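Residue numbers (my numbering), protein chains in the order written: chain A, 1 to 480; chain B, 481 to 714; chain C, 715 to 1214; chain D, 1215 to 1359; chain E, 1360 to 1431; chain F, 1432 to 1503; chain G, 1504 to 1514; chain H, 1515 to 1693.
By construction, the Cβ of each residue, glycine as well, lies at the ideal position given by its N, Cα and C atoms.
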Amino acid sequence: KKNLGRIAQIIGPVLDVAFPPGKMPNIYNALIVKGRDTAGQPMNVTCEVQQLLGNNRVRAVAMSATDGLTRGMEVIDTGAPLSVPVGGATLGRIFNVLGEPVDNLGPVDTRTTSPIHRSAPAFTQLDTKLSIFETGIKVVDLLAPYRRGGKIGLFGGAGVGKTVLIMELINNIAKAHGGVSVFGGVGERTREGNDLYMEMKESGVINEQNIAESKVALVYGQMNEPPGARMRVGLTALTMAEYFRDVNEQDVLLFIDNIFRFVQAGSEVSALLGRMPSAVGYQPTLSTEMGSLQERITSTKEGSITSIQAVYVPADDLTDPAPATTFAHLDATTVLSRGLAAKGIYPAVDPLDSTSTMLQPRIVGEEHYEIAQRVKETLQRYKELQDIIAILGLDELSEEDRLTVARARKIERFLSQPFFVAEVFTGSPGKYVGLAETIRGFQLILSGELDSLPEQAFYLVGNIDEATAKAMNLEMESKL
Amino acid sequence: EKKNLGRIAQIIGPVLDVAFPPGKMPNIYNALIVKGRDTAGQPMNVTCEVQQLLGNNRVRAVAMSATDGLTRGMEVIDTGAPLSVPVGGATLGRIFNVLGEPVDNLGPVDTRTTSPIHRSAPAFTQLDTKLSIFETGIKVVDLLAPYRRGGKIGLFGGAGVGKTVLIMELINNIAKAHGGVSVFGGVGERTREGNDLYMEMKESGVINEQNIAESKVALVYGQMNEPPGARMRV
Amino acid sequence: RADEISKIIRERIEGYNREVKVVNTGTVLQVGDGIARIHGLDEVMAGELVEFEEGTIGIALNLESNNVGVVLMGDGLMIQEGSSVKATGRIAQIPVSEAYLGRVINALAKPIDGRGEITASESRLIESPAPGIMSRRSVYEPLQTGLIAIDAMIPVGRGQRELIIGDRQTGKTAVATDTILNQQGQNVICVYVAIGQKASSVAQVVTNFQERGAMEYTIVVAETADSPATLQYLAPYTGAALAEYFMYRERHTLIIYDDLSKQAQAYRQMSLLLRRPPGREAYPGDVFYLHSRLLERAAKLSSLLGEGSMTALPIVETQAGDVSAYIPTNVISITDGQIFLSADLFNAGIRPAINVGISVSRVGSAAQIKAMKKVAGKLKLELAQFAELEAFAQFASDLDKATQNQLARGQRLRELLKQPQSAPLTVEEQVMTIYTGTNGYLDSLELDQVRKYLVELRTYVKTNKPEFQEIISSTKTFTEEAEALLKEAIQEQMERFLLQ
Amino acid sequence: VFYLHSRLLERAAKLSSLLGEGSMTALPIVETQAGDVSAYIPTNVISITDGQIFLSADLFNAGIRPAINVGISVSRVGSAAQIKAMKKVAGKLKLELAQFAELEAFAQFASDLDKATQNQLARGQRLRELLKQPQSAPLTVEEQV
Amino acid sequence: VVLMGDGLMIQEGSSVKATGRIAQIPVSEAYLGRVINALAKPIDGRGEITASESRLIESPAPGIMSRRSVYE
Amino acid sequence: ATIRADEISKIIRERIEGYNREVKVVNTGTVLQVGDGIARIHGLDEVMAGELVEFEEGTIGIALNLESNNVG
Amino acid sequence: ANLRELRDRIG
Amino acid sequence: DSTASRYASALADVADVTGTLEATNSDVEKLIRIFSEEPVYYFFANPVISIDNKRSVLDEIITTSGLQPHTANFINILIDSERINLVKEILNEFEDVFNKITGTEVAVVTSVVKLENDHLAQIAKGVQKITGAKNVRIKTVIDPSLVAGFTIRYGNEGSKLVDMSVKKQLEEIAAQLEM
Ligand SMILES: Nc1ncnc2c1ncn2[C@@H]1O[C@H](COP(=O)(O)OP(=O)(O)OP(=O)(O)O)[C@@H](O)[C@H]1O
Ligand SMILES: Nc1ncnc2c1ncn2[C@@H]1O[C@H](COP(=O)(O)OP(=O)(O)O)[C@@H](O)[C@H]1O
Ligand SMILES: Nc1ncnc2c1ncn2[C@@H]1O[C@H](COP(=O)(O)OP(=O)(O)O)[C@@H](O)[C@H]1O
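And the structure:
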C-alpha cells in the first residue's frame, strides 16, 4: 500500500525486503511480492515478516516458492497478520495455507475473515469437565480413554500407524459428532490427502450435492510445499476451528496430521533466519513455537475442541526434542510400538507406554479402572519375565508364571482389532467394539475361563464372541 | 596498585570486557576490582580476573561475584598482582571465600601476609625424591592402602558412610601425632552442608571456638550460589 | 457512583507534583524472536527493566559495546525499529504480602484467576541472595509428605531441597500434590510453580486444591507454555521471592518447582537468541548457576532470624532413563537428596513408583520424629533383605524357611508401600502401619487382603483408640503404652476381620 | 534435505481421469550404513515414500533371497494394488506371516509343543521356502496365484 | 552460483551473462534407449536426441484435485 | 571478516601519518592481541614461517600464521 | 534410541 | 568498537596531533556530501572497478575540493585496505570522536516553536555543567510532533532525557489507568 518495499536478498525461502526508512511492517505481517509467472505474466507470492533487521530490512519467509524471483521486486505491505476466511464458507472445501480454495470450485466468501495469529484463551475461560468419548477401539477404550474436549496425541515412527488410526477415528466419530470437524494436513503426503477427500465424499460427509450441508473443512500443506507453508498451515486450520468454537459455539473436532512437520519446518527456516542452532538441530524456540499453537487449542467453557494429533517420532526416538515437547501438551498420549507392528498387533499401540489422564477411578468407574490395571500389570510382568524366558526355557517356569505368560499372550493377541478403514491391509472386515464388550472380554480372558482357546483365536477379532467362534473354527480345521 | 584505572566495556553474564588506557593494562591471571554500585545505594565492589587480552586496549575477565546492577563505564581498578588471599596463622579456624573474605561473621582477618593464588609449582631441584609413608593412625588405611607424603589420595565413598568423621579424624590425627595442619577447600560447597560441617568441626574440638588460632583447620568455601569463576578458583 | 469518579480524579490530580528526572533512553535497532538490540542505554545495568514505546517491558541482559540485547516479557510485534526504550532504573521486583494465599498468579505476581487484585504493601526483588552460612541451622524438623515410603525411607526435613526426579508420567506431580495436601494440619505456606505447563493442567491442579481445601495456605504461580521464555525463566524466582517473604516472617514454607527442566529450556532459548556460546545440549554455561542460585535460597534459618524455613521440591524429568543427562546431573549435584520414580514400578502396580534402592536423602533420620525412626529401622532392614533375595523369588519353594519367610515378609511389605493418589497418611497412621507390617502381624493374610486389612485397621484405631494418636502426636515417640494400645487394636481388628 | 527429497518424490503420482490417468511410479533406493534407520537420510526418505521394502544382509547370507525383511517392510497402498485373484488368495498373508514369525521365535525356547502349533510352524516354513526367487527370473500373476 | 561443470578456466574478472532461463531440459520421445547425463545430453555416443517440448527440471507436484487413488 | 587484529587505532594513525615511504618495520614487531597460547604480532614483515621470535618478557615464540598484515 | 537399547541390553 | 569507530578515531588522532581540528572537521563535512550522492559512492565501492581508476579520481577530488593532506591520506588508505565500502559509516562516526576530543557535547532541543535564545543559552549552560562540556554544541529542530514545550537529549547519542511537553499527559493517563 503506502508501505511499498523492495526485495534485497533471496536465499531459498527466506528473503529480506528493504522498506522505507520510517515506514515498516510489523512482525508477522503479510507481504505480497509482485512476482512474475513462469510465462510472461504477473504472479503473487505471499511472505510473512519474521524479524526486523535494523537497516529498514525485514526478513520474511515465503509461503510459495522463490525460484524465478529477482531482487528489487516491489513488495506490498498489507499491514495485516495474514487473515483467513472462516465460517460456513469453509465447510466442505479443501483449503490452503493462504485460505484459498484448491478444490477447483468457486471462490470463498471473504466477508468473514480471521487472522492466522492469536493468543490462547485466558485462564478464567477454561473447562474442568473430565469426560470420556468412546472410540470403538479396544486398546484405547480400555487403556488410554480419550478425553472429550481434550488434546489427544498419536506417537510413532513411519509405518506403525497414526494415519490408519486417525482415519479409523475419523470413520468412527466424524459423522457421529454433532458439531463440525476440521482436518489439517501438515507436511503429510498428497496421495493420502486425495484418498481422505474421496473417502469423505463417499461417507456422506462432504455431501457433494450441496457443499454447505457438509461438516468438514480440509486445510492442506503437504511435503511438496515450502517450509513457510508447512509452518503456517497448522495456524490456518486452527483459526478455522477457533471460529467454530467461539463464534458458532459448537463442539469442533480438530484432526491434525503430523505436527512434527510444523516443528521441522521452523527448524528448516531457522538457520536462514540467523538463529543459532539449539539441541540436536532444532530451532532455539521449539518449546515456545509448540506452546503457542498448542495452548491456542483449548476448550474455552463456551465451546469445546477435541484435538487428535499425529506426532511423528523420528527414528523411533521417543526422547527426541520434538515429541518430548509435545508429550507435556497432550492429555491422553498413545504410543505406537514398532515391535507390535513387526508381528501384526495392529493397532500397534504400546499398552504400557500409552498413558491417559482419564484413567482415574472417579472418572472411569471401578470395574474399568481395575481391569485396566490388571491388564497393565500382566503385560508388565510378562515383559519383565521376557529374558528369564528367552534364554533359560519356558518349560522350567513356575506354575504362576506359565499362567501369566499364557494370559499375557492372549491379551496381546486380543488387543489387536480389524479396522474398517484397514480392510485393505488386514484383508478382513472391520469391527467396532464398544467399551462394555471390551471390559467383559478382558475380564473373561484374565478371569481364567478362556484358558482353553488357542492364542491365535484371539488375533484380529472384534469381540470375545468372535474370539470363541474363531476358536471353534480353528478346532474344526485341526480335527477335520 | 596505582592509577591504572579501567572502564567496563561489556557485561554479558559473569564475563565482562574492560577497557584500559593504551599503554597500561593488566597481565593475564591478574585481579581487577570493579568499583561498582549497589541498587540499594551503597558502593559494592566486584573482583574479576583477567583471562585474555582482546587487542585494542581491552581485556576480558570473569567476575568472582555476581554481575547484577553493573553498568558500562563503571570504574575498574588494576591490582598488578593475581588474587592475593591472606595466609598464615590468622587463617585458622576461619571460613573464607575465594577472595579470602571471611564469611563466618567472626570479624576481620588481618591481611598482614597475602600470597598470590596464581603461582608456579615448586622446582624440580626443590622436589623430594623420597617415597615416604604418611601415618594416619587408622589401622585399615595405614595397613592396606597406605598414603603418601606429598601425594594425592582419591576419596570414593557415597553418602551416609563415615566420610566427614573420617576427614575430621584425619585432621585431628595429623595435628596431634605430627605438627601438622589442615586446609579444607569446598568447591561447590552446599551452604547448609557447609554450615553443618562448620558446626561439627567446632563441636569435635577441631575448631577451638573458645580460642581461635589454636584450631587445626582453615575452611575455604566456594559455594554453589557463587559464579563459576569463584567455584573454579576456590 | 456519581461523585466517586470525580473525587478519584481530584485525588489523582493532586497526588503528583510534576517532578522531573533524567531517564536513560535508547532506540530500537533490530527486533525479532523475543529479543531486541537497542542502541543508547549507556547507564543501564545488567538485569534492569526497560519499558518500550508500545508498553512491552524487557530486561537488559547482555550489555555489549554497540547495543543492549533485551529479552521481552511479551510480544515484540508492535516495536517500531526506532521507538524509544526508556529504562526504569528498577530491577525486577514483585509486590509481596499475605493476600496471595488462595490466589493464582503469573510470573509478574499478577492474578490470572480474575478474582480481583492483591493488596500488597511490601516489595521484594525477584533475584534475592541466599542465606549465608551463619544465618542457617541444621535441618531437624520433619516435613511430612503423607507418603509412607517417603517419610520412612527418604525423609524430608524443613529447609531441605529434595529432588523429585523421574521419567514422564511416573507420578511426580502426584507426589507434589500429596505433599501440599498433607500440609493441611501443619502451618506450612505452600507454593506451586507451574512452568511451561498446559493451562488446563494448571486448572485441574488448582481446582483439586480448592476441592480438598489446600487452597487457603497455597499460592499458585503459573507460566504456561505459550508464555515468552523470559516469563517461564522468571517464574521460579518469583515463587522463591514469595516464599522468602513468608520465610523471613518466621513462617515455614514449601515450594515445588514443577519441571525445572522447562525453566532450563526457556533460559537456553533466550541464551541462544542473545547469541551466547552454548555448551552441552546447547545449554549456556551458566545453567548450573541458574539452578544453584535458585536452590540455595531454600534454607533453614538460624533461630535469631526467626526459625523459619523454605523446603524446596524441584521436579526434573529424565528422558529414556538418562539420569546422566545434563540438567538432571546439575540438579542432582545441587539438591540435598533425590527421589527416583520408575515406569517399571509404576506399571507393575506399585504406586507411588518410588525406587527406594536408588533414592537418597543426605539429611537422614534427623528429618524424622522419634516415633518414626524406631519402626523405620526395621522397615529399612527388611526391605533391604527383600531386595537381596528378590532374584530368589522364583525358587522360593526349594529354599530355607528363614529365606522364604523374608521373601514373603518383603513381598507383603511392598503391599503397604502402595498408596492411592491424593490420599496422604498422617504420621501416626503411617507409624502404626509400619509397626504392624514390620513386626509381622500381617504375615498371615493374603497379599490381596493386606491393603484392605490395613485400611480397616487404621480407621479402627483412629476411631476406637484415640489415645494412640494422642501419644504419638504429643510425645512424638513410640511409647510402650502406644505399643500396648496398638497390639490390642491389632488383635481386635484381626478378630473382626476374620469374622469377615 | 527433507524438502529436497519430498519435492522430488511428490512428483510421482497417479493422475485423475481428467488428466488422462497417466502415472509415474517411483522406486527410490537408500543405502544404510550397517543397518542404521536412525541415520538422518534413511528416516528422512522412509517417511516420504508410501511403502518401503527392507532388505537384510542376514537373510541374504542365510540364503533368503530376495532378502526382504518383511515385518518392517510395508505397503501403504495395500491390496488395492493387486488383482482380485491376488486379493483373494494373498489378502491375509502378511499378518499371518508376521504372527508365524513371532510364534516360531517363541517356540525356540519351548520344550513340549502342541500339534496345532507344530502344524502352524510347518506351514510357515513351507511358505518361507516358497518366498524365494532367483534374480532376473520372475513369475507372472497367474504363476504367483 | 553453483557451476554445473566445475570450470577450471573461469577467470577472476571474466564476464557472466544471464540467460533469462530457469533450468530446463529438452524432453521428448526418442530418449527411449538413450543414455544421458542429467543435462539430457547423450553420453552413449550414438548421436544427438531430437526434442522440442522442454519441460522444466523443477516442475510442481500434482495437487489433491488432479490426483487419483492408486488402484492399478 | 569485518574485523582484523591490526584494526587498532594507533597503527592506522601511523599509516595516515605517512602513506608512501621507503622502510617498513623489518625485524621490529609490536605485539597486540595476546590471547590463548597465541599472539597476533603486527610487524615482522620479513619474518619466515617457523621463525623463532623473542619477546620483551623473554618468552620464545614460533611464527606460525603469517597473515597479510599481522603474523600470529 | 541406540543408547537406550544398549542400556536395556545391559540390564 | 567497530571499523567506522576505529578508523574515525585514527583520523581524529592524526588530525589532533598536528592541530587541524577545524580543518579536518571542514574536510570531513565536505567529504560527507562528496560520498553522499550515491553514484560516486557506488563508484568508489564496486570492487570490479580498477584501483588505479579509483585513485586517479580520488586525487582529482583532493585537488578540486582542497582537502587536507592527512584526510586525503586517510581516504587513500581506505582505498588501499578495502574498507571504502564503510566510508559512509566512518564519516558519520567521525563527529562523535571529534566531539570527544574537543570536549564538546551536542544535544538536540526538540521544541514546538522557535526560541529567543536566552532560555536556549540557559539550557546549554545547564547541560554543559551537568556533563562537563567546556563548550556544548547545543542544537534544535522545529518539530510539530511535540505538544507544548521542549526536551533535551544528551549523553552519548541521546542517552539521557528530561521532558516537559508530553510527560505530564503521559503520567496523567498512567495515573488514571492505575495499572
Ligand atoms: N499414587 C498413585 N496411585 C494411583 N495413580 C497414580 C498415583 N500417582 C500418580 N498416578 C497416576 O499417574 C498419572 C500421571 O501422574 P502425574 O501426572 O502425577 O505424573 P507426572 O510425571 O507429573 O506426569 P507428566 O510426566 O505428564 O508431568 C495420573 O493419571 C495419576 O492418576
Ligand atoms: N568411626 C565412627 N564411629 C561411630 N560412628 C560413626 C563413625 N564414622 C561415622 N559414624 C556415623 O555415621 C554417620 C555418617 O555420616 P557422615 O559421615 O557425616 O555423612 P557424610 O558422609 O555425608 O558426611 C555419622 O552420623 C556418624 O554418627
Ligand atoms: N490397523 C492396521 N491394520 C493393518 N495394517 C496397518 C494398520 N495400521 C497400519 N498398518 C500398516 O502400516 C502401513 C502404513 O502405516 P501408516 O498408518 O502410514 O503409519 P505412518 O503414517 O505413521 O507412517 C500400512 O501399509 C499398513 O500395512
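I need the boundaries of the alpha helix (DSSP H) containing residue i, first residue and last residue.
{"i": "C:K1115", "result": "1115 to 1127"}
{"i": "E:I1423", "result": "Here E:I1423 belongs to no alpha helix (DSSP H), and DSSP marks it neither H nor E."}
{"i": "H:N1567", "result": "1565 to 1579"}
{"i": "A:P321", "result": "321 to 327"}
Beta-carbon of residue i versus every beta-carbon of chain A: anything under 7 Å?
{"i": "E:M1363", "result": "no"}
{"i": "E:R1380", "result": "no"}
With 7 Å as the threshold, decide whether the Cβ of residue i is near any Cβ in chain H.
{"i": "C:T739", "result": "yes"}
If you count every other CB in all the chains shown that lies within 10 Å of the CB of residue i, and 16 or more means buried, which is it?
{"i": "B:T609", "result": "exposed"}
{"i": "A:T70", "result": "exposed"}
{"i": "B:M554", "result": "buried"}
{"i": "A:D77", "result": "buried"}
{"i": "C:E831", "result": "exposed"}
{"i": "H:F1558", "result": "buried"}
{"i": "H:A1688", "result": "exposed"}
{"i": "A:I170", "result": "buried"}
{"i": "B:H658", "result": "exposed"}
{"i": "C:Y854", "result": "exposed"}
Does the CB of residue i have a neighbour CB from chain G at under 7 Å?
{"i": "A:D451", "result": "no"}
{"i": "C:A1034", "result": "yes"}
Using 7 Å as the limit for Cβ to Cβ distance, is residue i near chain D?
{"i": "E:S1413", "result": "no"}
For chain E, find out if any of its Cβ atoms is closer than 7 Å to the Cβ of residue i; answer yes or no.
{"i": "A:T66", "result": "no"}
{"i": "D:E1224", "result": "yes"}
Please report whether the beta-carbon of residue i lies at a distance below 7 Å from any beta-carbon of chain F.
{"i": "H:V1611", "result": "no"}
Residue i lies in the beta strand (DSSP E); which residues open and close that run?
{"i": "A:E48", "result": "42 to 52"}
Between residue i and chain C, is any beta-carbon pair separated by less than 7 Å?
{"i": "B:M704", "result": "yes"}
Which parts of the stretch 1143 to 1175 of chain C are runs of the beta strand (DSSP E), unbroken and 3 residues or longer, counting only runs that do not cross its ends?
-> none
Short-range partners of chain D found in the stretch 86 to 106 of chain A, where Cβ spacing is below 7 Å | none
Continuous alpha helix (DSSP H) assignments of at least 4 residues falling wholly in the stretch 1230 to 1282 of chain D | 1254 to 1260, 1271 to 1275
Members of the stretch 350 to 369 of chain A near chain G, C-beta cut-off 7 Å | none
What residues from the stretch 1038 to 1049 of chain C come within 7 Å of chain G, judged by C-beta to C-beta, listed N to C?
-> If the cut-off is 7 Å between Cβ atoms, the stretch 1038 to 1049 of chain C has nothing near chain G.
Mind checking the stretch 489 to 520 of chain B against chain C and listing, in chain order, the residues whose C-beta falls within less than 8 Å of any C-beta there?
-> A489, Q490, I491, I492, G493, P494, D497, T519
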